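# Structural description and commentary
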Amino acid sequence: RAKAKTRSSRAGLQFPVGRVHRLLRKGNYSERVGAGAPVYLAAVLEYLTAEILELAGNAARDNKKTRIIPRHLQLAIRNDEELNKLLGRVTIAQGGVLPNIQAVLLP
Amino acid sequence: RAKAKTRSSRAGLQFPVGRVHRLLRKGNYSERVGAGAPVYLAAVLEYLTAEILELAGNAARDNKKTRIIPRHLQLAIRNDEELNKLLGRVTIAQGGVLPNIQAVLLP
Amino acid sequence: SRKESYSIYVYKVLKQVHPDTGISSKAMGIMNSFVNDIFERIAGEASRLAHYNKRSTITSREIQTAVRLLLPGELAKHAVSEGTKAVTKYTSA
Amino acid sequence: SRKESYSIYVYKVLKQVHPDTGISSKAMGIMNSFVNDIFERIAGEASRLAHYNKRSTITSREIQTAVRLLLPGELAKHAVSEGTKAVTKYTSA
Amino acid sequence: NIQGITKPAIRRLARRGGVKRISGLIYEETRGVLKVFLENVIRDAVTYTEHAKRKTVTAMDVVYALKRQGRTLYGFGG
Amino acid sequence: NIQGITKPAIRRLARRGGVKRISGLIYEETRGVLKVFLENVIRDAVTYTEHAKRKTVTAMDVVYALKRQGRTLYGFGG
Amino acid sequence: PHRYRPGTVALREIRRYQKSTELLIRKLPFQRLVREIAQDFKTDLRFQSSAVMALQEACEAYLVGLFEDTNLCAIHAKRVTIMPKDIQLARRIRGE
Amino acid sequence: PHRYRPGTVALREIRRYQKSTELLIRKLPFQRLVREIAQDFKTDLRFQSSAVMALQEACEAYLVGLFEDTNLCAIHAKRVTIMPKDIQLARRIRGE
DNA sequence: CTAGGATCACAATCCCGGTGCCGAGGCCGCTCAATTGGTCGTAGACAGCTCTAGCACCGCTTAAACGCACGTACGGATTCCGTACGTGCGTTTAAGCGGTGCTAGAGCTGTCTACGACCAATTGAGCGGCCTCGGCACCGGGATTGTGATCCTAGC
DNA sequence: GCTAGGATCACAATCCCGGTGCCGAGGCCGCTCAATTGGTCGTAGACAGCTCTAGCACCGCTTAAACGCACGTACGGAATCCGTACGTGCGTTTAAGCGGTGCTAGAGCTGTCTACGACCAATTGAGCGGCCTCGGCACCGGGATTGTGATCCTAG
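The name the PDB entry gives chain E is Histone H4, with Homo sapiens as the organism. Chain E has a UniProt comment under Sequence similarities that states "Belongs to the histone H4 family."

Below you can see the structure in the form of structure tokens.
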């Protein structure tokens, strides 16, 4: 037979298409799953992960740090209106809060 | 063969045990459905339906009406703290609101 | 084209609890929506409970637990009582 | 007992976007939770979409629509672009 | 057409909420809020329509949109 | 044990929330609110534990309980 | 010759509208608004009558709830008149 | 000798706690509270360390959010001190 | 001349008997999905074992909590003003209702093909276990910034 | 000589740097199990065609509601003063935290079995859409009642 080529590599993705497919079949969502659905889902997940990681790494570099910690994730998420909206009812563990003091309280 | 006896009649219920079962099997909830699950679900639904109709009929009679309208259903739901909690996010079409005026606004 | 509804069964329980009381069409639509909603909530919770425990079958236990999780306070107690009575009566035909 | 995760793939992506940046285990747990949550949301909405239209198959269209419904604003546009590109490349092997 | 939501209508809505006195600036704020809400709902309803390959928005599309936005509506088929 | 949530702790929590001045009656109210929240979460977590026929509440049970109340927690396995 | 003191008619209106259930926004204006808004998403869009009625039911319910919360906010400030700052506060707390 | 005017130390504390991320309630008292509360539902209940840690983490986040909304409520009434009425209003608006 | 009261005039309201309509609620046939009786296999129940991780206890060491005290500043009560909003009337407008006409498109049916489920044979992607060393947390001690007040001056 | 604005100062807290050392991030290893390949085949949905419904467009008529304006009053907002009670700080106390030790319960896994649900065929009756009709409701006029705003009266 032919040398095994992963479905991820065929789509140029880093996320596991085969694993996404298996999780769909065994997650009791529908009777059948199209061939393109796992590819699409994996690509979307990858894009979102890339975006968040990019913003967290940027926040880390501004802090002169070389490792991402929950704080940098909180900063990245809460400083982007769109990401904040997506993750509105989400609590990042060990994230803390954004520095915000009401103007009326200042001396 | 023997005369057809409905599963609803076996359970002493008015709700359709066979239809509750069919809806469960074709609703993509699980690969398998126990024999008692539809019976239990139907009984619970029936109980809730009995409760809300009793309270709505009581509200109608208090309003000198013989037919239940959406108003009576709003009255029943919002005047019961448990039912209100269960249906907290629900909007009843044509239901209106509960008469409530803040004490500070009174003459 | 037939559109299945719970209208008949709602009318039946209504005749049990209020023999002389009728129901408008609007209220009948409301009741159908209510029943469908509660169904979806309970069944979905049971599905999640099955998946979490690495089980396939939704049994009466999953339904009971879902009811306890969704119905507040005394509504759970009586709903559980009703379900248990019905299941018990049914298994003995 | 093995416990499948997204660790390898999220690390690969990080190494692609930030070759000289690492990640703590705690942050790794955060990322895993994030991925699982967003996978659930999108798949669940696709399933509901399929059911609404009396269809039994989840295709790329359901995923796309789910992505539009979930992701706010510009997030959706780019995600859709990424998904379409991936599907196109895959179909041409 | 947003001006069609006249001041008396907004007053009536406030009266149902048990509100006694109204500032002159409330009407414009309310109009804006309503516009935002309607935009969100119609965006979801149209998305649902597009998925079904329909060209007419049905009541079901609106009901579903409301449900997914945590504003479940009873009385229109679900 | 509810008294173990001391006045300084509540003050610290308020400080993280951006609070500058605190009334003396805030402490009893906060304790009550916290108790209610905790009761709700623990109730659901214990229900999950009992359904699994376990005698130890796991972190997953807590995560699920929080999730279903619309307070999804990241960092503890989902 | 007879003039009711400010507030009496307001309270009478409160009672009347809190007792009735019909829709309070004019149908045609609302329909026009809906169609105008939908136009930005797709052209030549048709609408079921029930779709418009559902939209109107949801919008009115939402607005009534918002006015209720706004009223509660106003009273907190020892006031009886609602202003935009009250709506903004209510919405902010609600998460909108 | 030197005495900072009321407010200075409060703002310094705000800055410090808003910059840090550690949990602010003492672990042991919280654990004892959790165990006391769970006792009313089921006896002889054991707790994973991570379960307690998750509960504490979540509770503190919830309370911080509530204090934030309470603070916003206070400012609305032209006050800088939070009182129970502010918490009550915040919770009411949130739907709790 | 007082405040509180009793009395009055009026509009808005709740109430009753009469009208009549269109919906609710029952009866028709029938069809399709709910029921009955059967075989088959695998998912879950039950018993046993392991070892992990939870519970319980003990001894120091501080860090933080508790308590008390002095004081300032912030909450709150009181007063006055003016303007913005409520109330009411006359005019205008466009919403609501009815009736007609049309056609686009929703909804349904029939055909057929693609393409998704399933299997057997294959194997390398991903897993847990092990090792390491450098990014980080902590420390000491300087430089830096900011708060609070003390002393000085130019101008009133 | 008194005052506002400023310069100058004390000193407390924070930011910064260089050194220390540790234990978590990250890579390597063996291997297994679940992802890939090639093939079979059944049915779900795409596509075409057809029908008939209901959504759109238009018109006329009535009248209820919106609008604009006039007037007045009561309410928001600004200002002032009091006082108490929360904040900052020093001293004493206490119990949280950490490290260590020991026990054991129960969570997780494995093996075996059986009973339970899936699936099928045969069949029959529940409940569906269509049809009919008569009484509960919405509406009306005339009335009795209530509440609001104003007035005259009383002992004081």
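It is worth spelling out the overall build of chain E at this point. Secondary structure assignment for chain E yields 3 helices and 3 strands. Counted from the first residue to the last, chain E has its helices and strands arranged as α-β-α-β-α-β. For 78 residues, the compact-globule formula gives about 12 Å, and the C-alpha radius of gyration of chain E, at 15 Å, lies well above that figure. In terms of its C-alpha atoms, chain E occupies a principal-axis envelope of roughly 45 × 25 × 15 Å. Across the 78 residues in chain E, those meeting the buried criterion constitute 58%. Of all intrachain contacts in chain E linking residues separated by at least 6 positions in sequence, the fraction that spans at least 24 positions is 34%.

Its place among the elements puts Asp44 of chain E in helix α2 (residues 26-51). There is a polar contact of 3.4 Å between the side chain of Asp44 of chain E and the side chain of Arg68 of chain E. Excluding residues within four positions of it along the chain, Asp44 of chain E makes contact with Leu69 of chain D together with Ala65, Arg68 and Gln69 of chain E.

Moving on, we come to the protein's contact with DNA strand J. As a matter of local geometry, DNA strand J sits amid 74 residues, with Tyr9 of chain C, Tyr11, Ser25 and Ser56 of chain D together with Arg5 of chain G nearest to it. The sugar and phosphate moieties of DNA strand J supply 96% of its atoms located within 4 Å of the protein. In the model, a sugar or linking oxygen of DNA strand J is placed 3.4 Å from a nitrogen or oxygen of the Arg67 of chain A side chain. One of the side-chain nitrogen or oxygen atoms of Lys65 of chain B is found 3.1 Å away from a phosphate oxygen of DNA strand J.

On to the state of the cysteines, then. Applying the stated criterion to the full structure yields 0 disulfides over all chains. No disulfide involves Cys73 of chain G; its nearest neighbouring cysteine sulfur is the one of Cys73 of chain H, lying 6.2 Å away.

Parameters at a glance
Residues numbered from 1 in each chain as written, not as in the entry; some residues may be left out. Chains lettered and ligands numbered in written order. Heavy atoms only, no water. Residues with missing side-chain atoms left out of burial classes, pairs and counts. UniProt positions renumbered as here; feature names shortened; annotations may be inferred. Helix = DSSP H or I, 4+ residues; strand = E, 2+ residues; numbered from the N terminus. Rg over C-alpha atoms; globule rule 2.2 N^0.38 Å. Buried < 20%, exposed > 50% of the residue type's maximum accessible area, 1.4 Å probe, protein only. Contact = heavy atoms within 4.5 Å. Polar contact = N/O pair within 3.5 Å; in protein donor to acceptor, adjacent residues only side chain to side chain. Near = heavy atom within 4 Å. Disulfide = S-S within 2.5 Å.

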